[PDB]
Structures are given as C-alpha cells and as structure tokens.
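In the deposited numbering, the protein residues as written are 4 to 49, 62 to 122, 130 to 292, 329 to 332, 339 to 380.
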C-alpha cells in the first residue's frame, strides 16, 4: 500500500470498471473532493505510483460518486444537482454530459446524499426525502417518490432492480420499487432505537436479500430483508461513524469498511448471516477515511488528510 497527497480532502474514490472479459486488474480511478471553495472530480491512472489523467471543477461538495459505465461518472452534489460526466474514450478529458439540477431541493438547496447506478438507470436520494429514478438522455426523472419522513436519507442500494433499499438518520432501512403506486415503503427494518443514524449500505453481490450497513456509532450490521424488522448480526467495529461499507464484488466473503476514526478494515469471513478475521490497512492516527473502493486485488481510499491510499496487491 502507498499514499499520495493531493491538496484536497477526498470524499469519494471509485475504480473505473474493467472492459467485460478483461484479465487485467484495475488501474484508473476517480475522485471527488469536499470542503474547498473549488472542488474537483479527477481521474487518476497507475513503491507504487499514480498520476493525474484529467479533472474537472465540481460545484458543491462531492457527496457521492459512481461509475455508470467505463466512460460515464455520476456525481451527487451538496447543491442537490446530479451530474453525468463523460470521460472521452479517445482524448481522455472530462466534460459535463447531462445533469438534473433539480434532483433534490427544498420548496432552498437540499443535498443529494447518495447515488447508485445500474445502466441505463440512476437512482438518487437526498435530504429533501425525494428518491429519484433517472435514465440516461431523459431530461426528467422517470419516477420520483416523495418520501414524507421527518428523517434524512443517507444512502441507497439496489436490491433486485427496480427494487431499492434506503437507510436514514434514525436507523431505518426502507424498501421501495419505482413501479409502485403511492409514496410508502413496502417494508421497514431498523435498529433498536431512533438515536443512531445509518450512513452507508451495500447489497451482497450474489444474495440479493442480504445487506450490510454502517452506523453513526461505528457498528456493522448485517440484515436479511426476508427475516423480521431487525438485523441478523450487529458487530462492534469502529470508534466513530462508519462512512462506507463494501462487499468485495467477486468474493464477498471479504468486506471492507471505513470510518471517521481514521480506520479502513478488511473483514474476511472466509457467511455473514451465521470467526471473522479483521485487518486494519491504514496507519495509526489517519484522519477520517471517507470512502473506499475495491475491485479484484485493488483497493483505493480517500481521507480528510488530503491523502489517497492505493494497493493493487491486496492478496499477494
């Protein structure tokens, strides 16, 4: 593993997906920054090293970031705007491809807090309680659900599309479907109480009913949406907020979490619904680790020390 300092607090880091049926490992990743007057979305290509491929100014903090496909990156802004940026296949520059400037708003600006992609669909959530389904090259949302909750939506994942699951500031998981009538969830699960925000969620890659969430209190919870209103497992973990949680996409016996307390943990259960081994990957006294991504043996993460950490050799 190695660090590179980049003069911006990094909110989001994501690997560019590999061409289908590629045998090479990930080598390009995107970053989004926050807490600057001038925030950026940047692309980087790879003692290891990486260099700046191109960048673009982003208005507002980068609240979330996902690749939609190899060339399109979707960003959520603190302004409420959702933007598709295009990385050109031939000239490698970034440009604004399309956007929904009123994805989230108060009727005042409402941050877009989460986005997930399943090409051609894009799903977004925000502090206005709106849940949007967008499709590439459609000017208007395909569907918007106006959630009437007094809580704040913090993150979203697909279950089986067009079914989704959201988590909120009072510790509830809510399930929705964009084909549904009305604005109510189909099911709710939650923590014991209303005092513990959930900040992140990820679905298991092969078991569409299994999700992991991370909380204000640093704990990892595992849920089975077929089973009751409560978690299956509640595991002590970090000393402060868990900001992201990811199942490894090709071997989900591995799972990764990161925290405000400066930690990034590699959990190795090699089932989550039933002795898990944990390794802490970053140095002691790191500032908040805001984000991570993993693909094959490659891990990238970004911190409030204005650092990006990379390894392309997690298992060798």
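Backbone N, C-alpha and C define an ideal beta-carbon position, used for all residues, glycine too.
Own chain, CB closer than 6 angstroms to residue i, minus 5 neighbours either side, in chain order
i: residue 239; result: 218
i: residue 251; result: 211
i: residue 197; result: 187, 207, 208, 209
i: residue 62; result: 5
i: residue 173; result: 190, 191, 192
i: residue 255; result: 244
i: residue 257; result: 242
i: residue 165; result: 155, 200
Alpha carbon of residue i to alpha carbon of residue j, nearest angstrom
i: residue 99; j: residue 112; result: 5 angstroms
i: residue 1; j: residue 267; result: The structure shown has nothing for residue 1, since the chain only spans 4 to 380.
i: residue 227; j: residue 32; result: 21 angstroms
i: residue 375; j: residue 369; result: 18 angstroms
i: residue 81; j: residue 332; result: 31 angstroms
i: residue 344; j: residue 288; result: 6 angstroms
i: residue 242; j: residue 106; result: 42 angstroms
i: residue 2; j: residue 84; result: One cannot answer for residue 2 here, as it falls past the ends of the chain, which runs 4 to 380.
i: residue 59; j: residue 186; result: Coordinates for residue 59 are simply not present: the residues of the chain run from 49 and resume at 62.
i: residue 341; j: residue 204; result: 44 angstroms
i: residue 193; j: residue 220; result: 5 angstroms
i: residue 44; j: residue 23; result: 25 angstroms
i: residue 147; j: residue 25; result: 32 angstroms
i: residue 200; j: residue 184; result: 6 angstroms
i: residue 348; j: residue 269; result: 24 angstroms
i: residue 169; j: residue 64; result: 45 angstroms
i: residue 39; j: residue 132; result: 18 angstroms
i: residue 281; j: residue 354; result: 7 angstroms
i: residue 189; j: residue 272; result: 24 angstroms
i: residue 350; j: residue 10; result: 16 angstroms
i: residue 126; j: residue 377; result: Between 122 and 130, the chain has no modelled residues, and residue 126 is one of the positions in that gap.
i: residue 7; j: residue 140; result: 31 angstroms
i: residue 363; j: residue 90; result: 20 angstroms
i: residue 229; j: residue 249; result: 14 angstroms
i: residue 94; j: residue 66; result: 29 angstroms
i: residue 149; j: residue 21; result: 33 angstroms
i: residue 171; j: residue 202; result: 18 angstroms
Minimum Cβ-Cβ distance from residue i to chain C less than 9 angstroms
i: residue 6; result: Among the protein chains of the structure shown there is no chain C, as only one such chain exists.
Integer Cβ distance of residue i from residue j, believed to fall under 8 angstroms
i: residue 163; j: residue 142; result: Not really, about 13 angstroms apart at Cβ, beyond 8 angstroms.
i: residue 96; j: residue 135; result: About 13 angstroms separates the two Cβ atoms, so there is no contact after all.
i: residue 261; j: residue 290; result: Contact doesn't hold; Cβ gap of about 21 angstroms is too wide.
i: residue 151; j: residue 175; result: 6 angstroms
i: residue 244; j: residue 330; result: 5 angstroms
i: residue 223; j: residue 259; result: About 15 angstroms separates the two Cβ atoms, so there is no contact after all.
i: residue 156; j: residue 167; result: That belief does not hold up - the Cβ atoms of residue 156 and residue 167 are roughly 13 angstroms apart, past 8 angstroms.
CB contact flag (residue i, residue j, <9 angstroms)
i: residue 275; j: residue 236; result: no
i: residue 47; j: residue 34; result: yes
i: residue 346; j: residue 4; result: yes
i: residue 138; j: residue 195; result: no
i: residue 74; j: residue 92; result: yes
i: residue 179; j: residue 233; result: yes
i: residue 154; j: residue 119; result: yes
i: residue 359; j: residue 253; result: no
i: residue 161; j: residue 77; result: no
i: residue 13; j: residue 366; result: yes
i: residue 292; j: residue 361; result: no
i: residue 191; j: residue 265; result: no
i: residue 357; j: residue 17; result: yes
Same chain only: Cβ atoms within 8 angstroms of residue i, ignoring 5 sequence neighbours per side
i: residue 41; result: 72
i: residue 114; result: 96, 97, 98, 99
7 angstroms Cβ shell around residue i - same chain, five flanking residues per side excluded
i: residue 69; result: 46, 107, 108, 109
i: residue 30; result: 48, 49
i: residue 86; result: 101, 102, 104
i: residue 339; result: none
Residue i beta carbon near the ligand SAM (any heavy atom closer than 8 angstroms)
i: residue 223; result: As far as ligands go, the structure on display features none, and thus does not contain the ligand SAM.
(request) Enumerate, from N- to C-terminal direction, the unbroken beta strand (DSSP E) stretches of 3 or more residues contained entirely within the stretch 209-288. (result) When DSSP assignments are scanned along the stretch 209-288, the uninterrupted stretches of beta strand (DSSP E) that are 3 or more residues long and fall wholly within it turn out to be 209-212, 220-225, 232-237, 242-246, 255-257, 264-269, 276-281.
(request) Note down, one range per segment and in chain order, each alpha helix (DSSP H) of at least 4 residues found wholly within the stretch 141-169. (result) none
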